[PDB]
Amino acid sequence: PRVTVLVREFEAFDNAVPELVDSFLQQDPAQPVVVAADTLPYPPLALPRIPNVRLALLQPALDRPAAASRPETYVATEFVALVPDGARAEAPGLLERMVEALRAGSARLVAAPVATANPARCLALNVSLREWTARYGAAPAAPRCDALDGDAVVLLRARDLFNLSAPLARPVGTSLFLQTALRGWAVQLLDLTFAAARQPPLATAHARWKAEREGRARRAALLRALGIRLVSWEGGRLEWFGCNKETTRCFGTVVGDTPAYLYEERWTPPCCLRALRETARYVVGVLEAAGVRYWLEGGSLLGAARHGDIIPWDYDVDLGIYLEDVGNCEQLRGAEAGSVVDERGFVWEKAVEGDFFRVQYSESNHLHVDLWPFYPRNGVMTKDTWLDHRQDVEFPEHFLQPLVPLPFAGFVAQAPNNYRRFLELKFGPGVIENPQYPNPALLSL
């Protein structure tokens, strides 16, 4: 015996795990079987009390050694077969068939759908940790996959499963293939099918609703724990798991111009980018309706010139405006006498710090558009207040007459004319073609 059946995805209140376990022992009484749980499942499972059937409780406990919560402790065979609840062994010799498939193939995982209502389908999957995004889609090399959707027995070497960081994190159907796809591993969907339980679990609308609410709750906690802020299907059907109008932003107070996600070797969370685009769009719309001359500035102008979007590691949006136009905007003139929360939840405020305005996504989510007011004195756009940035600099007004439409972050914003020049004056030649982080620093990148 070289395969250990391991059952992780089931619900204590309604399962067919005893039928599952029995079905395998009917084919081999010596079959190693591990049912894994965080706490002792209740009502009792009453699995057969034989040495090859073991219940693995994986949460830490005051009375148990460190090994007791490590799943590899309970597996002494070369391969592990992850079996979902609802499956049943009916035809004999099917785990051996799966081993021979995995031996002969080039994929580190092999899988056989279970004949449930939701049998496994083959999926493509890329994990971008820099972008906190998991991108799913149809599998162009089926039956060679990056991930599975639905019910399948998945077999792989124990050494591969248990060297992952979160081998049994729930839902397995999500956490396993996120880890295996990131490592460039593939799973081969075999033309073998496991039968379904004769008494399938969760066979009522109410039990299914309970299971799905808990399943979705575990998935949401799993993606947040692992830094997946966004799930997409074919670039759409977007599923968010980050910040929003009602939460704080994902990273909070930046020190040394280097936000926390850079030290995590990632870029700006996509929920944060989404909020910045929406605030930029809203603020631009407000200034255009009020008759405020604005133009993309600093990193926003640079990002618009390079790829027409926010630079993917940047953390705010900066606009220049004519200072004499400020009185035209109600939120702005309100923001010079104190903090203003407008009809749509955006907070307009004048950070007395550097003599500029700041518009935050909401009272709790402090992703902001900074507005830098400019006034001409002897033909140059210049303010008697600056900060320690190379690109906080005076510039001749002719860059602003006329202004130019430039795509930026989903809409068309205004830019200085000859913006390519303009950007080279402020950042240096070749800046559009040579990306950079905001402050190297005594470390990496």
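Under this definition, the rigid core comprises the largest set of C-alpha atoms superposing within 1.5 Å between the forms. Numbers follow the displayed sequence, beginning with 1.
- Superposing each structure in 7 other deposited structures of this protein on the rigid core shows that the farther-lying of 79 to 87 and 235 to 243, by root-mean-square Cα distance, is 235 to 243.
- RMS Cα deviation from the shown model in 7 other deposited structures of this protein, rigid core fit, is larger for 371 to 379 than for the other stretch of the pair 371 to 379 / 190 to 198.
- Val352 is a gap in at least a third of the other entries compared, counting only those with both neighbours built.
- Per the records, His389 is among the residues left out by at least a third of the other compared entries, whereas the shown structure includes it.
- Relative to one another, 98 to 106 and 174 to 182 have unequal mean CA B-factors, and 98 to 106 is the one with the higher figure.
- In this entry, the higher average B-factor at the C-alpha atoms falls on 349 to 357, of the pair 349 to 357 and 290 to 298.
- When the C-alpha B-factors of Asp146, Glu72, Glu90, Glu278 are ranked from the entry, the top spot goes to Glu90.
- Taking the PDB entry at face value, the top CA B factor among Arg333, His206, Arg218, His368 belongs to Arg333.
- Among all modelled residues in this chain, the alpha-carbon of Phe241 has a temperature factor (C-alpha) in the lowest third.
- Ranked by Cα temperature factor within the chain, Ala37 sits in the lowest third according to the deposited record.
- For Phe79, the recorded CA temperature factor ranks within the lowest third of the chain's modelled residues.
- Ranked by C-alpha B-factor against the other modelled residues of its chain, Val380 falls in the highest third.
- Split the chain's modelled residues into thirds by C-alpha temperature factor. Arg344 is in the highest one.
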